[PDB]
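Contents: one structure, followed by commentary.
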Amino acid sequence: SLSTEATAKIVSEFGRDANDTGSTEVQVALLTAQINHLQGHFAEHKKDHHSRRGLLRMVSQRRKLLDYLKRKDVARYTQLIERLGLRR
Amino acid sequence: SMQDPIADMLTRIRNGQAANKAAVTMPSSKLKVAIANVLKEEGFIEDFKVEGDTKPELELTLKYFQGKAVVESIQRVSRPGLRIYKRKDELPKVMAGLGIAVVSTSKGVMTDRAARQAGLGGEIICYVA
Amino acid sequence: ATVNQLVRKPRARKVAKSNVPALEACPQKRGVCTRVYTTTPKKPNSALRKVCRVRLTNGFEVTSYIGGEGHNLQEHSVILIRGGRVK
RNA sequence: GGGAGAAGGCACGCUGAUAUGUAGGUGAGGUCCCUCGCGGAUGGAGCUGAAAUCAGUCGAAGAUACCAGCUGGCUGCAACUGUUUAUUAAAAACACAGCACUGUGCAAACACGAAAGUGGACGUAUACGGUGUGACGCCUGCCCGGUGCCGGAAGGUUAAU
RNA sequence: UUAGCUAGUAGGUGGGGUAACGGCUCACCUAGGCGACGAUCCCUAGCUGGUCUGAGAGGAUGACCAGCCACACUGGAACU
RNA sequence: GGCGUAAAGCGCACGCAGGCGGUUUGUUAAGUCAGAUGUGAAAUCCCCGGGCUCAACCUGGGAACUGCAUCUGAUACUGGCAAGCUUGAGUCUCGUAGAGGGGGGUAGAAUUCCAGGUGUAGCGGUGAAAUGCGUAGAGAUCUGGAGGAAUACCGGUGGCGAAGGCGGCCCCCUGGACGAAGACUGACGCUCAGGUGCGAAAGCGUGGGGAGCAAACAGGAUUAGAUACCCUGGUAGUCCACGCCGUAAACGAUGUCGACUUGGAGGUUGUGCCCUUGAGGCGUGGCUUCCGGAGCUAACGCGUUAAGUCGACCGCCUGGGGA
RNA sequence: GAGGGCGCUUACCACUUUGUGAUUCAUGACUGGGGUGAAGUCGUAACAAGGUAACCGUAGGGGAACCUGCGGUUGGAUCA
RNA sequence: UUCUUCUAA
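Residue numbers (the authors' numbering), protein chains in the order written: chain t, 2 to 89; chain m, 2 to 130; chain q, 2 to 88.
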C-alpha cells in the first residue's frame, strides 16, 4: 500500500497549506499512486474471488473520487489532469 | 439521505405527540421558524425556542390538552417529489375549516383563511389538524 | 406506484373482450342449420339438451341452444340467434 | 469466414465541348545553396496521358469481330485441397487433419539383415511403432458366455532330464 | 416480440419557379438531418364543439347540429 | 391500491442518462401567485326569465366555456446566478479485530494402495441375508513406502465479506470496517432505466490429477411388482489450470439511503473515567441475538436492525389453469 | 418581320411488366403438448415422521407418477 | 425388515 512518507510528499506536492489534506487534487493523486502501486498486483492477480472487494472497490473508489474533481473547477481541472496525465 | 427538513420536522412533531414528550428539538431553518411562528399563533404548540449560533436549533413545546394531545393530525401536501401550487380559490378547508392548512405565498407564510382574506394563492405546505 | 414510474409508464387499464364474438357487436345474426342433435350436459345436471350446429352469415360454425320444449327444426334451415351462454 | 459473379438490372460507339490535353505522370532551361556533385532546393518549357460530364451524331444492333460463367429449387453420399485401377471404372474407393486403443525406458519397441550391421534417431514417452475411426456438432447403451489378450501361481496335467 | 432512419436527404451559394416565403425547382458546395421526450415501421382512424356515464376525477364516444378536412366509377393529368 | 407468507422487491454490487436535493446572503423572477387585456364561434349544459292550455319543445338574459396569448405586479418557496458556512459527504494521524482476498509453502491424523513380518479361518455386510472377499494365508496385527483429498479439538443463537460465501500453520502481495483525539475539504449527496462486474451447486470446453466418495451402471436382496428405498461394487463427477454457462427456497420468501419513536436481557468489538483497592464500578462507541411496550398487522407477527412514524428514488404485482 | 398553327423530338408521368424479397391470412399428410371427463387400466408420489421428511436448482436414469447424485432452503417430526 | 387400494347423489 501507499506508505506514509509517500502520502506526505503528495500532500506536500499540491499543498495549498502544507497541512490542507482536503485537497481532492492530493486525494486523486493518492489513489492514483496507490493503485499504480496496485497495478503490479492486479496485472499479476486476475479474477481472485473478491477481486472487486479489494480490486474493483478501488476501480470505482478511485473512479468516483475523481468524479467531483471531474465537476470541480475549469481553471484547475484543466491544470490538474494535465499534470496528472489523466486521459480524460 | 436528507431530502427534506420540513418533512423531518412534521414527523418529529408527529412522533413526539404519541411519545408524550414536552420538548421536540431539531436544527432550525429560516423556513422552519416561519412555520413554527404560525402554529404558536394558531394555537397548536405552546413555545418554540430558536437557539444556536454555529447552527441554529429549534426547540418546541408540545401543546397537550386534557392529558391527551392537541395535534390530532399533521401531514405534508407539497412533498419534495411532487410540489403543490394552488390558487386562492382552490385553498382547502382542513376538517371543514376547523383545522388549518399552511400555505406559503409571496406574502410570506400564513394560513389559508388569512390567504383567502389576502386574496392570493400559492404553495400549500402541509395540513395541520 | 411512484409518480416517476407513473410518468414513464401510464396505468394500463385492462382490455376486456366479448364472450359472444360471432355476432360481432350485433343484436341478432342470421344463421343456417348444419346439424341438429342433443348433448348431455356436465356433472350436476343430467338431460338431453336439444341444440343445433349453425353456419352463420359470416361463415362461422357455432353451436346454439334450442330453448323451450319441442321444436320443428331441420337442417338447412334459417334461424336467428340472440346470445347467452348455457352454463 | 461465407453462401455470392447469388439471383436481377443499368451504362458502353463516334464527334465536339468542358480542357483546341483535363486529372495525372514526367520534366528541362532558368534561379539560389553547395562540403560544388554520378549535388540540393526552386523552377516549370516540353513530352506523355486517364477518367468523367455535357452536347451532337450513325446503324436493326457500339462488352458489335475474336475472346469470354446457363442459372434456380430439393435430396443421397463423402466434410474439404488431394490420391487411383498407365491401356474399357475417378468414385461413395484411398489418403487426410482429428479421435481412440495398444506397444515401447534407448543398445527402445520394430524392420531389413544366417551374421556383422543399418534404419528407428544423431530422436528419448508433448517421443516413436501398430491398429481402428475419419473434420465439425451432438453423442457413443448393454453382454467377458464364447474367441483372443492381460494378470495370478495354489493344485491337476507334463518335455528333454 | 417496430431501433435505427435519411442523399434533395440536411444546410449553404447561385439560377429558376409561384400571388406569396421557402430543395418550391435546379446547379454547385457542405455532410449534414433525424431518433430512446419513440425516429422508423406496422395496425386502426376524418378532427373538434360536443355527446354518454361518473359525486367528482375520469372513462368511453363523434348518428343527428355546428366548425374544419377529405372524396366524387377507378387511376391520372392539366385546362379555364 | 399493494409487494414477510394471500399475485408481487431484480441474486447482489457498481454506475451514466435520469429524477432528487443541507445550510446561509444577495441577485434573478423562470416556475409559482395576483391583477389587467385579447381570445376561448354559435349551439349545447347550468342559472334566471318568457312563449306555446302544460310538458316535451322553442326562446330572452346571465353565468360558464375549467384554457391560451399578452401586459403589469408580487417575492415566501422551487429553480437561475453568484458568494459563504459545516452538521451531510470526503481526506489526513494513531491504532483495533477478523474463516476478507490472491500467491507460495508446510504440517498431523485418517483413508486407500504397495511391500514385508506375525499368524489362521473366516471376513464383510443386513432386520435377516446374500452378492463379495478369504487357505493362492484374507481379516487382524506390526513395519516400511506411495498417493490424493480434507484441514479433529479450538468453535461459539462466533468472525469477515454487498451477497454468492470464507475454516490447520507459516510467508509474500492485497482489501474492507471500526474507534480515538485532532487537522482539513466545502454540499463534494441520494437513488439509478439502459449498461457493467460479481455471482452456490450441478453442467460445458480443453488440458491435468484422481485417495475417499459417488449419478449412471452392475450384482445381491426386497416385494405382488421394485427401472426404488438396503447391501456389495463402480464411471463420469468431486480436485487443479484456463475459459463458457449465469441459474438456486441465490430466503430475513422483507430493494436501497435518510430522520423520529417505550424497554429488558445478552454476544462480540472498541474507547474514557474511577484507586484495577481481584476477575470492579461509572461511562462512551461499532456490530449482533433473544424477549417485548406503544404502534401496526387479515391474523400470524413485527416491534429503534420496524412488518411503527415519515422522507427520496428504483424494481414489481392485477382470478386460477393454460404458462 | 416576329408570332401562331401543325408535326417533330425532349422532360416528367399514369397504365402496365419483370425479377427478387418481406409481411399477413387461409390451408396442410402428419406430429407436439394443453385443458376437460358422474364408469376404465396400471401403480400410490404428495398431505401425519404419508409410512425413504418435504422442496428448490442442476444432472442422469426410468411405462407412469417418479427415482437418484450435488448444493441450498424449512415453508419438517423426534430428544434420562 | 415388509406392507396397497375404497367408483359414482
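Cβ coordinates follow ideal geometry from the N, Cα and C atoms, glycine included.
(message) Whole angstroms are fine: how far does the CA of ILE82 of chain q sit from the CA of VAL55 of chain q?
(response) 10 Å
(request) Within the same chain, show all residues whose beta-carbon is closer than 8 Å to that of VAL78 of chain m, passing over the 5 residues directly before and after it, in chain order. (result) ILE85, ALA102, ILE125, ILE126, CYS127 and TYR128
(request) Evaluate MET111 of chain m with the Cβ neighbour count: other Cβ atoms within 10 Å of its Cβ, from every protein chain shown; 16 or more gives buried, anything less gives exposed. (result) buried
(request) Please determine, among m:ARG88, m:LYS41, m:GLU47 and m:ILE75, the residue with the shortest C-alpha to C-alpha distance to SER107 of chain m. (result) m:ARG88
(request) Return the first residue and the last residue of the beta strand (DSSP E) that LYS64 of chain m is part of. (result) First-last for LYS64 of chain m: undefined, no H or E at that position.
(message) Quick check on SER13 of chain t: does DSSP put it in helix, strand or coil?
(response) helix
(request) Report all residues from its chain with a CB closer than 6 Å to the CB of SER29 of chain m; omit the five preceding and five following residues, and keep chain order. (result) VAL51, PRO57, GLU58 and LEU59
(request) Grab the span of the alpha helix (DSSP H) containing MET10 of chain m for me, first residue to last. (result) 7-19
(request) Check whether the Cβ atoms of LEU7 of chain q and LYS30 of chain q sit closer than 8 Å, and answer yes or no. (result) no
(request) Let me know if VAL4 of chain q comes out buried or exposed under the rule of 16 or more other beta-carbons within 10 Å of its beta-carbon. (result) exposed
(request) Report yes if the C-beta of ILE85 of chain m is less than 7 Å from at least one heavy atom of the ligand GTP; otherwise report no. (result) In the structure on display, the ligand GTP does not appear, and there are no ligands present to speak of.
(message) Between which residues of its own chain and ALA7 of chain t is the CB-CB distance below 7 Å, once the five residues before and five after are set aside?
(response) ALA34
(message) Per the DSSP calculation, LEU121 of chain m is bridged to which residue(s)?
(response) BP columns for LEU121 of chain m are empty, so no partner.
(message) For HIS77 of chain q and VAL33 of chain q, which I take to be in contact (beta-carbon distance under 8 Å), what is that distance rounded to the nearest angstrom?
(response) 7 Å
(message) So within the region 21-64 of chain t, which uninterrupted alpha helix (DSSP H) runs reach at least 4 residues, ignoring any that extend past its ends?
(response) 25-37 and 40-43
(request) Between the Cα of residue 1 of chain m and those of m:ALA119, m:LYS31 and m:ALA23, spot the shortest distance and give me the residue it belongs to. (result) Within the shown structure, residues of chain m are numbered from 2 to 130, placing residue 1 of chain m beyond reach of any answer.
(request) Kindly provide the ranges of any beta strand (DSSP E) runs that are 3 or more residues long and lie completely inside the region 20-81 of chain q, ordered along the chain. (result) 30-40, 50-57 and 62-66
(request) Over the uninterrupted alpha helix (DSSP H) stretch that includes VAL75 of chain t, give me the two end residues. (result) 75-85
(message) Does the structure place the region 18-25 of chain t close enough to the region 63-75 of chain t that three or more beta carbon pairs sit under 8 Å?
(response) yes
(message) Relative to the C-alpha of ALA70 of chain m, which candidate in m:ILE7, m:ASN16 and m:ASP5 has its C-alpha closest?
(response) m:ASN16
(message) Below 8 Å on the Cβ atoms is my contact criterion, and I expect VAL63 of chain q with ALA23 of chain q to pass it. Report the Cβ-Cβ distance as a whole number of Å.
(response) 5 Å
(request) Jot down the residue ranges of each uninterrupted alpha helix (DSSP H) in the region 20-81 of chain m, minimum 4 residues, whole runs only, in chain order. (result) 31-43
(request) Note down, in chain order, each residue of its chain lying with its Cβ closer than 7 Å to the Cβ of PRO42 of chain q, except the 5 sequence neighbours on either side. (result) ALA48 and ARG50
(message) According to DSSP, is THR3 of chain q part of a helix, a strand, or is it coil?
(response) coil
(request) For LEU92 of chain m, name the three-state secondary structure that DSSP assigns. (result) coil
(request) With DSSP collapsed to three states, give me the class of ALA102 of chain m. (result) strand
(message) Using only the alpha-carbon positions, how far apart do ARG88 of chain t and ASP21 of chain t sit?
(response) 26 Å
(message) Going by beta-carbon coordinates alone, are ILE36 of chain m and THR62 of chain m separated by less than 8 Å?
(response) no
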